[PDB]
Amino acid sequence: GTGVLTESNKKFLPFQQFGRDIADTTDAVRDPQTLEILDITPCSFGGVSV
Amino acid sequence: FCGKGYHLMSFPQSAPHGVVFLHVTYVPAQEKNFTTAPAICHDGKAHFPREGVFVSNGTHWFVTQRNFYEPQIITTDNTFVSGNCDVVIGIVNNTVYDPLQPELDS
Amino acid sequence: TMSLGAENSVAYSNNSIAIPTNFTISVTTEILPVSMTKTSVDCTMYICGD
Amino acid sequence: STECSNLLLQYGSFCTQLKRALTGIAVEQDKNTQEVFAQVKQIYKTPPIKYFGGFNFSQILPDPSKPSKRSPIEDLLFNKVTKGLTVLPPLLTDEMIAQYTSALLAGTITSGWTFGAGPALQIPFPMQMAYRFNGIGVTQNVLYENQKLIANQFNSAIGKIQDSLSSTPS
Ligand SMILES: *[C@@H]1O[C@H](CO)[C@@H](O[C@@H]2O[C@H](CO)[C@@H](O)[C@H](O)[C@H]2NC(C)=O)[C@H](O)[C@H]1NC(C)=O
Ligand SMILES: *[C@@H]1O[C@H](CO)[C@@H](O[C@@H]2O[C@H](CO)[C@@H](O)[C@H](O)[C@H]2NC(C)=O)[C@H](O)[C@H]1NC(C)=O
Ligand SMILES: *[C@@H]1O[C@H](CO)[C@@H](O[C@@H]2O[C@H](CO)[C@@H](O)[C@H](O)[C@H]2NC(C)=O)[C@H](O)[C@H]1NC(C)=O
Ligand SMILES: *[C@@H]1O[C@H](CO)[C@@H](O[C@@H]2O[C@H](CO)[C@@H](O)[C@H](O)[C@H]2NC(C)=O)[C@H](O)[C@H]1NC(C)=O
Ligand SMILES: *[C@@H]1O[C@H](CO)[C@@H](O[C@@H]2O[C@H](CO)[C@@H](O)[C@H](O)[C@H]2NC(C)=O)[C@H](O)[C@H]1NC(C)=O
Ligand SMILES: *[C@@H]1O[C@H](CO)[C@@H](O)[C@H](O)[C@H]1NC(C)=O
Ligand SMILES: *[C@@H]1O[C@H](CO)[C@@H](O)[C@H](O)[C@H]1NC(C)=O
């Protein structure tokens, strides 16, 4: 994927690896090396009007 | 179109994605029965209400506005004359006051 | 079975009228939608993401 | 096919979207019938003596002889209009819609326009017609003097309406 990785405030349970949002898209992931939770905010999207 | 009843005015209020109209309307209430006639027969002439309606409370005849009870004396100023008494169905006999009559009388 | 309304037999006769002797100043509400949510959809990002 | 339904589950909420849109249309039709016909909260009834100063409303008032309680014009109108799919019945049946029209007819005949703006105030039908004549800028005397002619013209026009509906397919 492509997204901004930020530190997460979510309390993942031990089994849980990746997290889904309101709309069931992958919004959080657990790093396989250091067991920390990271939010994946998508890269900024804008409508360019002239 | 602008509320239940006879419409007086309306007030707009902004609402999320919408408008709320406060319709101020006039609703008649406390109605009362009266005996009514289409015309008044006086001096062989038929009198019809200019803007109101003829009502009777049992013994006396009056002319009143249609949407509120305000009995007034049947005169030549609130009635108009068209034809005699032989044509109108349901015409009743009653006097019609003349405002000019006390003036030349005195 | 749904009730259409209360029965009200109007006392019609050929020589009787009903004249109001009073009035009620009634204020009623009428709610009308005017606009919707203005939505713009990025066709490429919705169908394909990144 | 159970397997087809299992494969259909992969497509998501298309079925829910179509059912919800159809349900919205179905409730909208009942709302339309309520908005058109259910504009009075009182079911008015005509007096048993159908004399209105020469005006004849037999073709529009409900017929007691008919089980459907419809008018002759309404009876003519009803006669002249003829794998997962279902037709839901309307919330208001034909007899209740006819009852609503009967209440509206009784209100407009016995009370004029008073019942639409508040309580139904009785008024003789010639006097109501005279009020309507004043509305279009014609004096009351014209209505009262020519009351028999106006009643005859109205009855003739109502009869012509029934004949015209019965004689025209389109
Ligand atoms: C109909 O209304 C008229 C006027 O409001 C009544 O006439 C008056 O009645 C009172 C009560 O007896 C008398 O004191 C007045 O002198 C009357 N005025 C006139 C000009 O006669 C009349 O009585 C009412 N009739 C009924 C049956 O209620
Ligand atoms: C209203 O008054 C007129 C005249 O004052 C009445 O007409 C008379 O009625 C009598 C009896 O019916 C006849 O004998 C006369 O020939 C009529 N005269 C005229 C000029 O028509 C009339 O009957 C009265 N109506 C009411 C309801 O009292
Ligand atoms: C006007 O008079 C009529 C009767 O002449 C009244 O109608 C009656 O009202 C009572 C009470 O609601 C009913 O029990 C009767 O069945 C009605 N009779 C008829 C023939 O409809 C009417 O209420 C009166 N109007 C006012 C405003 O008092
Ligand atoms: C017309 O109706 C109004 C109410 O809409 C009456 O006003 C009430 O009068 C009583 C006593 O007369 C008071 O106790 C109430 O507080 C009044 N209400 C309001 C809102 O002011 C009024 O009296 C009626 N008038 C007639 C002539 O019937
Ligand atoms: C009102 O109109 C109806 C029909 O529109 C009249 O009924 C007719 O009456 C005559 C004489 O009794 C019969 O020969 C016809 O066959 C009737 N027609 C129908 C369709 O029934 C009725 O007489 C009129 N007047 C009243 C007071 O109801
Ligand atoms: C190696 O991965 C394990 C879990 O898979 C983790 O606990 C450990 O810290 C990792 N070691 C290093 C040096 O990254
Ligand atoms: C009104 O009706 C009564 C009885 O129903 C009748 O005696 C009277 O003559 C009628 N009046 C008119 C003007 O038709």
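Side chains included, hydrogens not; waters and symmetry mates left out as well; all remaining heavy atoms used. Start at 1 and go down the list; that is how both ligands and their atoms are numbered. Order of the sequence lines sets the chain letters (A, B, ...), proteins ahead of strands, with each chain counted from 1.
Exactly one residue among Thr24(C), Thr21(C), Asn22(C) makes a side-chain hydrogen bond (donor to acceptor under 3.5 Å, both in side chains) with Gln30(B). That residue is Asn22(C).
Taking the side chain as every heavy atom from C-beta outward, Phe55(D) and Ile109(D) never approach each other to under 4.5 Å. Between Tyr131(D) and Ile123(D) the shortest side-chain heavy-atom distance falls below 4.5 Å.
Within the listing of ligand 5, atoms 4 (C), 5 (O) sit less than 4.0 angstrom from a heavy atom of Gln59(D). For ligand 5, the atoms lying closer than 4.0 Å to a non-hydrogen atom of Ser58(D) are 1 (C), 2 (O), 3 (C), 4 (C), 5 (O). Each of the following atoms of ligand 5 lies closer than 4.0 Å to a heavy atom of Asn56(D): 1 (C), 2 (O), 3 (C), 22 (C), 24 (C), 25 (N), 26 (C), 28 (O).
Listed by chain and residue number, the protein contacts of ligand 7 are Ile89(B), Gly90(B), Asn14(C) (heavy atom within 4.0 angstrom).
A donor and an acceptor atom, one from each side chain of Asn56(D) and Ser58(D), are located under 3.5 Å apart. Donor-acceptor pairing under 3.5 Å is recorded for the side chains of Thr25(A) and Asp21(A).
Residue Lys50(D) has no N or O atom closer than 3.5 Å to an N or O atom of ligand 5.
Between the side chain of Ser71(D) and the backbone N or O of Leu61(D) there is no donor-acceptor pair closer than 3.5 Å.
Classification of the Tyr26(B)-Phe23(C) ring pair by plane angle, with boundaries at 30° and 60°, yields tilted. In this structure, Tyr44(D) and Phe115(D) have perpendicular ring planes: the angle between them is above 60°, well past the 30° mark. Taking the six-membered ring where the residue is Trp, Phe57(D) and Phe52(D) present perpendicular rings, their angle passing 60° and hence far from 30°. Taking the six-membered ring where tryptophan is involved, the planes of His60(B) and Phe62(B) are perpendicular, since the angle between them exceeds 60° and thus also 30°.
Geometrically, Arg30(A) does not engage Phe18(A) in a cation-pi contact defined by less than 6.0 Å to the ring centre and at most 45° from the axis.
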Pairs under 3.5 angstrom, nitrogen or oxygen on both sides, ligand 4 versus protein: list them out, please.
residue	atom	partner	partner atom	Å
ligand 4	2 (O)	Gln30(B)	OE1	3.4
ligand 4	2 (O)	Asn22(C)	OD1	3.3
ligand 4	2 (O)	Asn22(C)	ND2	2.3
ligand 4	25 (N)	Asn22(C)	ND2	3.0
ligand 4	28 (O)	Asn22(C)	ND2	3.1

